[PDB]
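J.: Next input, structure requested:
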Amino acid sequence: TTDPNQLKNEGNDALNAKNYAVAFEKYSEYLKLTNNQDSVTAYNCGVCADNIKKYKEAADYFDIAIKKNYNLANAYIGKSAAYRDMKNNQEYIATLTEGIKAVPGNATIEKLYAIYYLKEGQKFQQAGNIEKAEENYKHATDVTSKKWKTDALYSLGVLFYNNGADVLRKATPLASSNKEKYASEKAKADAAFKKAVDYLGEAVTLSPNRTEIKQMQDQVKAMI
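T.: Numbers count the residues shown, from 1 in each chain. Right below this line is the structure:
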């Protein structure tokens with residue numbers, strides 16, 4: 001077929017039958033011949049491309065929808081998913097970051113953004129990298145959702161509570177053998193516990209129904 005309207009109708013027929021490869025073939029040709037102006041078809045073409053594993057092509061079509069301000073939350077999610085499928089985490093989170101800036105307070109984009117950073121923080125916390133765990137959990141607090149902010153703050157509270165306890169653990173044998181180092185370690189533990197009390201306090205304020213957060217803040221206060 002040569003007629004662009006015929007190509008779009010053929011692509012619609014293919015999509016209706018779940019033949020994503022034909023729909024991609026017909027829509028991509030239609031968009032090429034009509035100067036990429038139909039954002040509804042561009043969005044559908046991006047989904048079809050991702051379904052047949054043409055990930056770079058998918059990202060290109062979702063970009064058309066984004067530039068035409070069409071179905072923005074879905075177009076950013078689609079573009080991010082294409083980069084996730086290409087196993088490109090940096091472009092995955094960069095796209096979600098652009099999406100949260102364009103459509104603030106979109107439930108699905110905020111969930112993906114926050115899950116990414118909570119998982120990164122967890123990964124660094126498990127590998128004992130406190131500074132990088134903190135950086136990642138702090139990014140998960142950038143969401144507008146009070147619920148998602150609460151669990152990023154609760155994760156920061158636990159991170160610093162565990163760090164202060166670990167420092168206190170290593171300082172016990174020093175109390176009667178190296179008082180110089182004992183004072184240094186005690187001050188480090190105190191600083192960690194004070195950060196923990198403050199992050200947990202912030203979480204309790206946003207989610208007073210989360211009684212376990214209040215209980216953990218009480219445990220940290222008992223260490224100061």
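J.: what number of residues lie near residue 181?
T.: Neighbour count of residue 181, defined by other Cβ atoms under 10 Å: 14. Yep, even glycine has a C-beta here, placed from its N, CA and C like the rest.
J.: Kindly report the same for residue 34.
T.: Neighbours of residue 34 (other Cβ under 10 Å): 14.
J.: pretty sure residue 91 contacts residue 81?
T.: No. Using Cβ atoms under 8 Å, residue 91 makes no contact with residue 81, being 11.2 Å away.
J.: Pull out the buried positions in stretch 204-218.
T.: By 16 or more other Cβ atoms under 10 Å, the buried positions in stretch 204-218 come out as 204, 206-207, 210, 213, 216-217.
J.: Would you mind listing the two of those residues that lie farthest apart?
T.: The span of these, defined through Cβ to Cβ, is set by 206 and 216 at 14.7 Å.
J.: For this structure, just list every one of the helices.
T.: 4-16, 20-33, 39-51, 55-67, 72-85, 89-102, 107-126, 130-140, 146-171, 179-206, 211-221 (DSSP state H).
J.: In contact with residue 160, which residues?
T.: Neighbouring residues of residue 160 by Cβ atoms under 8 Å, 6 or more residues apart in numbering: 134, 192-193, 195-196, 199.
J.: How about residue 1?
T.: Counted by Cβ under 8 Å, 6+ apart, residue 1 has contacts 7, 10, 26.
J.: do that again at 7 Å, thanks
T.: 7, 10 (Cβ atoms under 7 Å, 6 or more residues apart in numbering).
J.: Ignoring the adjacent residues along the chain, who's closest to the residue nearest in space to the middle of the chain?
T.: Centroid-nearest residue in the chain, with Cα atoms, centre = their mean: residue 113, separated by 2.2 Å. Once flanking residues are discounted, residue 113 sits nearest to residue 96: 4.6 Å by Cβ to Cβ, 6 or more residues apart in numbering.
J.: quick one: the one you found from residue 146, how far?
T.: Residue 96 sits at a distance of 20 Å from residue 146 (criterion: Cβ to Cβ, to the nearest Å).
J.: Compare the two (neighbour count), which wins?
T.: Between residue 96 and residue 146, residue 96 has the larger neighbour count (other Cβ under 10 Å), namely 26 against 11.
J.: I figured the more buried one hits residue 112, correct?
T.: Yes. Using Cβ atoms under 7 Å, residue 96 is in contact with residue 112, at 5.5 Å.
J.: Give the intersection of the neighbour lists for these two.
T.: In terms of Cβ under 7 Å, 6+ apart, residue 96 and residue 112 are both contacted by the residues residue 80.
J.: so which two of the contacts of residue 160 are the farthest from each other?
T.: Counting by Cβ to Cβ, the most remote pair of the contacts of residue 160 is 134 and 193, 14.8 Å apart.
J.: Compare those two and say which is more crowded by neighbours.
T.: Taking neighbours as other Cβ under 10 Å, residue 134 and residue 193 compare with residue 193 leading, 23 against 20.
J.: Setting the sequence-adjacent residues aside, check what's closest to the more buried one.
T.: Per Cβ to Cβ, 6+ apart, closest to residue 193 is residue 164, 4.2 Å.
J.: Next, count neighbours for that neighbour.
T.: 23.
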